[PDB]
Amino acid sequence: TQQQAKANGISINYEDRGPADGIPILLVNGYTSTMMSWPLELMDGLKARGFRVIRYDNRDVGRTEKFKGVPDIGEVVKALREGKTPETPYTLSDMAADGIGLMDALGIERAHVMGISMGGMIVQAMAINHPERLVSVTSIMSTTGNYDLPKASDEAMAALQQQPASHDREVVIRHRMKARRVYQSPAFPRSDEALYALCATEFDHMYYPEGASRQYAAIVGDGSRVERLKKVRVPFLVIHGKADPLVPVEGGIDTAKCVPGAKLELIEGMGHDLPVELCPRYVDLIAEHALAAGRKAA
């Protein structure tokens, strides 16, 4: 089930869910999230529509290779405001090359890709840097990095950045539950038991808080993709929750405005999560987008 492949020079833990002749779709996780965070209803729904789902741990999370260095965000932001290219252990482009490298390791020529949050930024970078490898792109609860966009609420930013008090399992899990409630979907909240199970499964997959600073530096260091995205010609779908307090909906709207011809779906009552109740709609949106894209000229 869980296999480890050399891709883009690093060891990537992944799962190819099959079937082998299915339409390949690579799923890219958000900041600090492991491949174990995807809802079963999303993966099963995609499989029931003929999609071969490939999920994987990004660098610095889960059971994929880990890197070194503690980047200072203030130094990165200073380089950007000076108009320079910031120095970080790795970039968003490197993380995009990881996913493309996994396609190479699986013998896949072109794939559909979908990414959530930071994963949405990664699939944007895939579209900018490797368009000849992509059939379609879906960017969910993500943003362009545009500086003029409304900021996240301070409560949501605090939920994203603050570390638990200690390494104790129940301390960490309960802390992560509390953080997820801050940016959950108001119309489709999870039960405490479901939220505990999700957070526990991720914790037990791998607890690696040291990796967060390096992923965050890659996010910040990439700046704005608005100008690059205007050159993207691969079919693009943007999904965003209207009630997202962590990545305000304007960031998804901005993504759709930049990529010419992008499709935009804004979901009422949806926050910064993938409620099981909305998974049939996500599946329908992704499947029809991918099927139509697969009929178009590359």
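In case it trips you up, residue 1 is the first one in the sequence shown, and so on.
Compare the mean C-alpha B-factor of 253-261 with that of 233-241 as given in the PDB entry, and name the stretch with the higher value.
According to the PDB entry, the answer is 253-261.
Tell me which stretch has the larger mean Cα B-factor in this entry, 99-107 or 142-150.
Comparing averages over the C-alpha atoms only gives 142-150.
If you check the C-alpha B-factor for each of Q161, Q184, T201, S117 in the entry, which is highest?
Spelled out: the listed residue with the top C-alpha B-factor is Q161.
Between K84, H112, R225, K178, where does the Cα B-factor run highest in the record?
Among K84, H112, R225, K178, the PDB entry lists the largest C-alpha B-factor for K84.
Would you mind ranking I128 by its C-alpha B-factor against the rest of the chain and naming the third, lowest, middle or highest?
It belongs to the middle third of the chain when residues are ordered by C-alpha B-factor.
Compare the C-alpha B factor of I73 with those of the other modelled residues in its chain, then answer lowest, middle or highest third.
Ranked within chain, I73 CA B lands in the highest tercile.
Could you look up the Cα B-factor of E193 in the entry and say which third of the chain it sits in: lowest, middle or highest?
As the PDB entry reports it, the C-alpha B-factor of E193 lands in the lowest third of its chain.
Among the chain's modelled residues, which third holds the C-alpha B-factor of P275?
Middle third.
Ranking the modelled residues of this chain by C-alpha B-factor as given in the entry, is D60 in the lowest, middle or highest third?
For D60, the deposited C-alpha B-factor lands in the lowest third.
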